[PDB]
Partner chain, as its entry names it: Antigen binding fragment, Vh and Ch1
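In structure tokens, the next block holds one chain alone, the form deposited without its partner chain.
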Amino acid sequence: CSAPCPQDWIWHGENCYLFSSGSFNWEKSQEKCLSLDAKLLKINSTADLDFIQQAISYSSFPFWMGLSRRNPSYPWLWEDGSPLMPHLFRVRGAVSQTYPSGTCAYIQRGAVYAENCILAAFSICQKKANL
């Protein structure tokens, strides 16, 4: 019998969540979550969103999530290739620009924003809880 999640992670529902130790571009953030046998945050419901905002309520830092698109002609997709479900959140910020390395989304102050993927931000990683 093992714990649902490792020490320092937050156990919520079927998953475990962790804030990254550092601030890096999106690709490096993706790599760092993978190294923890995890992936960047994927929001499947408004319950997920509300839990995340509860958890980052005390931070003003922007946190990358696993949502990105190459440019505005591409829909937003999660790392696993699934789409952003409707009625979860409206992505604001830099949504009309095209960046050499794509556009990625981060959550900050309870909202989701588009930004150049080459910029640095902390991130939230998640993995399945051992239940």
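Residue numbers count along the first chain shown, from 1. By rigid core we mean the largest C-alpha set that fits within 1.5 Å across both forms.
Superposing on the core and measuring CA offsets in 8 other deposited structures of this protein, the stretch of 97-105 and 32-40 with the greater mean deviation is 97-105. Between stretches 61-69 and 86-94, the one whose Cα atoms sit farther from the displayed model in 8 other deposited structures of this protein on average is 86-94 (core-aligned, root mean square). Stretches 90-98 and 45-53 differ in mean C-alpha B factor, with the higher average recorded for 90-98. The mean C-alpha temperature factor is higher for 101-109 when 101-109 and 24-32 are set side by side.
Of the candidates 64, 74, 61, 78, the PDB record gives 61 the highest C-alpha temperature factor. Ranked by C-alpha B-factor against the other modelled residues of its chain, residue 10 falls in the lowest third.
Beyond what is shown, the protein has a form deposited with its partner chain bound; the following relates to that form.
Within this chain, residue 66 is remote from the site of its partner chain in the deposited complex, having no heavy atom within 4.5 Å. Although the partner is absent from this view, residue 99 contacts its partner chain in the deposited complex, with a non-hydrogen atom inside 4.5 angstroms.
Of the heavy atoms in residue 94, some are within 4.5 Å of its partner chain in the deposited complex. In the deposited complex, its partner chain sits within 4.5 Å of a heavy atom belonging to residue 121. Of the residues in 58-80, those that come within 4.5 Å of its partner chain in the deposited complex through at least one heavy atom are, in sequence order, 60, 61, 62, 64.
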